[PDB]
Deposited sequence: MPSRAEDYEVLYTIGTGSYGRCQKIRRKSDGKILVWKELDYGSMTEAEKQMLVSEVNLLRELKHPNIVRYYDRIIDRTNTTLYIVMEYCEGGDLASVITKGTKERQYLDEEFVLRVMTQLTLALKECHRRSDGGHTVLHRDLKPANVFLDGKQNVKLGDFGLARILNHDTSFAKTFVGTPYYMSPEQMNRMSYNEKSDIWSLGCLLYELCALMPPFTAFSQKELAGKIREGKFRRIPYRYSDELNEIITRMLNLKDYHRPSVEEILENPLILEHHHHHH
């Protein structure tokens, strides 16, 4: 449980994230590096409590945080977590834009099912760059214009998460967010009228309908996590598999 127990293989992104290999058994992992050296004791107490709660989240659709390593020599904190070889959803969406190719409805149903179960777990106790893919088609929740801001949270709620999920699934389908604008104020205007284009016609009316419900202006009209999973679109094979 010290940094020397792992070899860095290479940097994923820049704190900073790195793909690492545990020496004892060759297990591929990643860590996130936080420099606390510029933090106060109150800020560091916050950081430790937060990290300790992250350690508790054990769920197949949430990024698993295994360990925390302190290198007081560097004043660097390392959060060691599972490696998701598939990258994040943001890159999937970008790939699709680039290669002019829409994502499979089956893939979208997998994201919808597994992300909804992730939220369900969070509520029991959201953007593409915060959604990760493993090697076996599993989706995991981890960790500028606020494209996904819900109407209500734009004024002063578990139904706000549903809205944000709706925006994410929408953008997975259309390869663009449901409400776009050049300024934030234009954005807010668009979000308030609550109008948007149908996802592309290659997607079934049933898929269109549930994404559209999640994007209702009134939070009480949005489906709950439980109503979402009850939908006939959502089958066993859309769930996680080891």
Coordinate gaps, deposited numbering: 1 to 2, 17 to 19, 131 to 141, 160 to 177, 191 to 193
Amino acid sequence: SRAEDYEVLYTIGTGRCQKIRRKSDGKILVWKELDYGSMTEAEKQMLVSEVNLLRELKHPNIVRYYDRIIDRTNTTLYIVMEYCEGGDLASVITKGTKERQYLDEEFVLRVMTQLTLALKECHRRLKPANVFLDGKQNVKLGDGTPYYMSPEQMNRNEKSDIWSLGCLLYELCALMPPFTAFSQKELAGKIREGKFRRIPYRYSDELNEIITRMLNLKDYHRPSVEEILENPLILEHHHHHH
From here on, numbers count along this sequence of modelled residues.
At a threshold of one third of the other compared entries, does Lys98 come out as unmodelled? no
Taking the other compared PDB entries with both flanking residues modelled, is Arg156 unmodelled in at least a third? yes
With B-factors read from the PDB entry, the higher C-alpha mean of 72 to 80 and 132 to 140 is in 72 to 80
Looking only at C-alpha temperature factors in the entry, 28 to 36 or 195 to 203, the higher average sits in 28 to 36
According to the Cα B-factor stored in this entry, which of the following is highest: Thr97, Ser91, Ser164, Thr113? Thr97
When the entry's CA B-factors for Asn61, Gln45, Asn216, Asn208 are compared, the highest one belongs to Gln45
Based on the entry's values, in what third of the chain does the Cα temperature factor of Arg222 lie: lowest, middle or highest? middle
Third of chain Cα B-factors occupied by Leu117: lowest
Ranking the modelled residues of this chain by C-alpha B-factor as given in the entry, is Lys23 in the lowest, middle or highest third? highest
Determine, from the deposited record, the chain-internal third of the Cα B-factor for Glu105: lowest, middle or highest. lowest
Please place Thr14 in the lowest, middle or highest third of its chain according to the CA B-factor in the PDB entry. highest
